[PDB]
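Step one of this worksheet: look at the structure below.
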RNA sequence: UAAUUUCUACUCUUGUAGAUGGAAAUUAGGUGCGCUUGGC
DNA sequence: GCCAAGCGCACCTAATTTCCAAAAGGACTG
DNA sequence: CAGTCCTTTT
Ligand SMILES: [Cl-]
Ligand code: NA
């Protein structure tokens, strides 16, 4: 049958290995003399500079093409509508093909093949397109065809700097092909137009129509927004929301205008902003009138479009001038500070506020917009003043104080500015005091700021903090002044209004200054970014093949277990190319690699035969055969038949499956396939590069089903590595003269003192060059390697002076870690640098710490304290396999059907736990469960939490933010190790949550990748799990967007009803508490239950609910069970296994302040509160009698309201309170043996907290899938799990 | 939707009334306001 | 409060454990501050 | 003392595309 | 031209 060790060599996997290069002998000296590092640095600099200049060509052309576009978008709309409505593989495939039609339609504008344009323009477009991804960009030919713009002197110097080196832009060309592609790819303009933006534009047109039909007045409002922004002047608002206009929404300039219609335009900070449609809609909904309710029921927000690829952003909003230098900030702000003193702004102010103690405050006005700001500064709460003013005004009304009067008073408080008198009268005298205090504080701080000198630069954070601290003080004053309404609407005191407006205008630049300083000071500090090395070789390390060493300058050696990179630079002057003479393998020296490779035959064979220019040329006129002699030991004949087979009038070629999919001529397909394969055999026998290769493994041509099958057997035979000794003298002399630069390929597994397990990457490398791998390729060495120089980035300050001691983070136990709060204190103490007494806790730890006398100096971040040469080299694992797997999930599902004892690992993201694992056996029972907050005695949760606090704190203080991904990757690396070990040990499936229902998303990617190619260090190379037989347990990762619910052994399930579920019964709270809001609802709710009786044996109350009842309040999830005995557990003391007490039946419910306000939580005891409520009303219950009729016999609103609350609380299984770290599950129903589940008992056979319960039910959903698999006839997994299926499944299992 | 009372007799109740024809109207489902200022949607129906 | 291709956690061990697909290009989103009009 | 819609700046993070090449082709230089 | 070596290709 199937086997777990069968899951190997199923598809190829590529990885890059990274190493340090250590130069050998005179290499470094020669590198210095020749000026290679500086030359390469400079080439990089020129690239970053020339890149935007060259992009102007791409951008310009793109737009010229897009301006011309004019399509009908109805068909695409209909495809989208149809898929939306039907959700089927048929409508999905139609949409995909339709999108391709539209992409190609756009693409035709670029390549000059659209029937919408004059044949002359197509000819121009086709000419330009042929030269966009090659050296024609540099000559200026393309730029001539494009506009009457020319290049500057400095632009031309940059272009000429890449003379004979334009190949440095090889990747860049691929990147730019990615912009213009008609393929279904995210990088491309047609994809952006057709699949991103059009759907959004379409949605907006729909949204518009619904709004202006339901509330026509909105049409005018929107038209006016368009006018007030001054865009789309000749286009109606109706036209803007119709499909024809989308043809004018393709270029970046138009998109930006459309987005500004939606989003509005700002000016200088402090100026009123012009509103967009989205703001208008928001305001209308916030009126909370009847219209608002109607508008809010509809979609009420337009979707802005994404940008066009490559194109430059443009905005009508104001953009601030940037500060360029530290000196420019300090000089400006000093001039303006000294100017503020010469203007005597603070004394003017101090006097303005003293007028307030005398002047008539009836003519002093506060701006209605600042009333809640002032209530917060000077009063208890934000609402204090508003409420004060309201209560005082409604007391000033005459006659029947109606609801309409009360409403008018409220409206008034928003529309009119208030005089200080009325504020002071309405609030207390504590307002006039708080104002004086707050006034003096602000001026005090202002004073101190202007008196304090600025620093000399802004290098250190302490200097930044001074700059910011001062700005904050000036800003504090600018705010204070902005409290007062100067507007001429009111009858303000004329002098006060003049003098205030005086200082406002003198304080206004403070805002501009604040933003500019921050915008400058929060910049990232310049780093020294590593750069590519070419050593004057445009194709350095491009490929290793022996024919290409002359051009590519890169070779590998091995000598006594150490690996070396030979680089052969083109040095200043005239030298004969270096060549190595092999010798007897006795002679001392280096084993040089000899790498023979014929790359992918599918492309290379046509390249070297059918697609030759002379062949193409010949078959354009002639019909006869053509004989190739050059690079053929014997002539290769090419017939029209062969040529036609690979150069068809239209795709596909006869020998591709897609032809058999289309034409259905399966007699034809095979006749071609056999002809072509025969042709490849004729080639391979004759081409100098492949003539000697033994192809006898390959079957007759007719026996191949698809071509991809044939290339997958062929390609392995076209790659070989061997070694031959090169004399020591020959190598060493070459380094001496400088014809060869020799680097040791180095990582720390090659250190003198290495004595432990190597890195996995070291395993890949030594596995690659092992005898077994050379005899039979498991791992291949790939071309396009890269060398880099990385300058020193951190100063060589030693982190261990000779006398100093270092303190282990763990005690003598070698297990128990020192608390974070005590580590620094103890470090200082043992190094005799504590300025004060030792903490008592720390003095207790002292006799069990481990210190170490620094014997040798060791530098912190030593790796970065020196310039370094680096090397990145790609390899391919599982080389014998295909590039892509075939039916991977089915191979797994077959293994699974044949292995029903397979256990399951459920992995949950938790509320109180970053990641939580529960392992179950195949009968549903828990084998293992734990939180992964702490791994290796390190609390990664606390660390991540603190780090993210530091980052936030940093942003706010204008200090360096830094990274968190490094720490995340750290943690997840360990989590991955633990899961993988579990998977192998249990041979288990792994089941994650589906996020389509942070650390977890990251975790998913890392886990999937790992299991794409899983090597275990301890396993021997020839065992499955060894470096020459990687496990492959997940399906080949392509993209998240393409990922199904199954990736091999990894399964995704929906999150609902996995936490808030009883592990003993599968009970879930079956009620929507929306549909229980009113008195008449609450009553019908209670009438739904059959009885409520007290059980004098247990002391619990029993509430019976038939499931075929009160269906009006159910979520529509009957599950399996007909009825539940809901239990109000008696509030008695129980004891967990450790011995800790807890109160049974306890609930943790939000504390509610009148209406809707919930900050803290509180402990509730339902059973006891029910006893309270019954004894209140004198209902007898210890007889065992039904209580429900008695509760609603008199229609007491409190009595049946209290009931409803208690019932709901009981049904709240999950009861958590972060303050105390409770997060338990207590079930409201008893299982078959008469026990209510409480997780607090801490029984290890069951979930031990709510998060563990989650992990368990995630596992169990996976078990559902697996159980449905065995019963299935197919190897197909069911797609999704409806809540109902889930509940009927699990409830049936447990009852 | 224009209807003459003399058509569709098979489907009528034999009550021709006084008008020979009626323009039956599907009202745009737009917001309107009552005297007290409460809104409603024109042409709305409430069906079983 | 230290050593690394690089990251994280370490320090019996001049180093240990685990991880590690690069490079280029692009796009989306997030956090923080400032401001605008509004809502409680 | 939060929130809604939005505009401006700083930086950080994550997703998705291409390549992972020997040799044909032809520009350049005596 | 004939060779060399960067550019472009399948
Ligand atoms: Cl849940
Ligand atoms: Na090691």
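Think of each number as a place in line: the chain as shown, counted from 1.
The way this entry was determined, per its header, is X-ray crystallography, 2.7 Å.
Even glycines carry a Cβ here, placed using N, Cα and C.
Taken from Swiss-Prot, the feature crRNA binding site applies to A:47-51, A:175-176, A:307-310, A:752-761, A:806-808. The region 'REC1 (helical-I)' annotation in Swiss-Prot covers A:36-320 and is backed by an author's statement. According to Swiss-Prot, the feature region 'PI (LHD)' maps to A:599-718. Positions annotated as region 'Bridge helix' by Swiss-Prot: A:941-957. If you look up Swiss-Prot, you'll see A:1055-1250 marked as region 'Nuclease domain', on the strength of an author's statement. According to Swiss-Prot, the site 'Binds crRNA-target DNA heteroduplex' annotation covers A:382, on the basis of experimental evidence.
Taking H, G and I as helix, E and B as strand and the rest as coil, DSSP gives the region 'PI (LHD)' (A:599-718) the counts 65 helix, 8 strand, 47 coil. Checked against ligand 2, the binding-site residues A:50, A:176, A:309, A:753, A:756, A:759 give A:756 in sequence order as having a Cβ less than 6 Å away from one of its atoms.
Note: the Cα of residue A:756 (crRNA binding site) and the Cα of residue A:382 (site 'Binds crRNA-target DNA heteroduplex') are spaced 64 Å from each other.
For the pair residue A:382 (site 'Binds crRNA-target DNA heteroduplex') and residue A:309 (crRNA binding site), the C-alpha distance works out to 46 angstrom. For residue A:753 (crRNA binding site), applying a Cβ distance below 8 Å and a minimum sequence separation of six or more within one chain yields no residues.
Sequence-distant contacts of residue A:47 (crRNA binding site), defined as residues of its own chain at least six apart whose C-beta falls under 8 angstroms from its C-beta, comprise A:168, A:169. When secondary structure is read from DSSP and collapsed to three states, residue A:50 (crRNA binding site) falls in the helix class.
Minimal Cβ crowding within 10 Å, among the binding-site residues A:50, A:309, A:806, is found at A:806. Counting every protein chain shown, the Cβ of residue A:382 (site 'Binds crRNA-target DNA heteroduplex') has 15 other Cβ atoms within 10 Å. Cβ neighbour count for residue A:759 (crRNA binding site): 13 (other Cβ atoms within 10 Å of its Cβ, all protein chains included). For residue A:176 (crRNA binding site), the same-chain residues 6+ apart in sequence whose C-beta sits under 8 angstroms from its C-beta are A:58, A:132, A:133. Each residue of the region 'Bridge helix' (A:941-957) gets a DSSP state, and the totals for helix, strand and coil are 17 helix, 0 strand, 0 coil.
Over all protein chains present, the Cβ of residue A:756 (crRNA binding site) has 6 other Cβ atoms lying within 10 Å.
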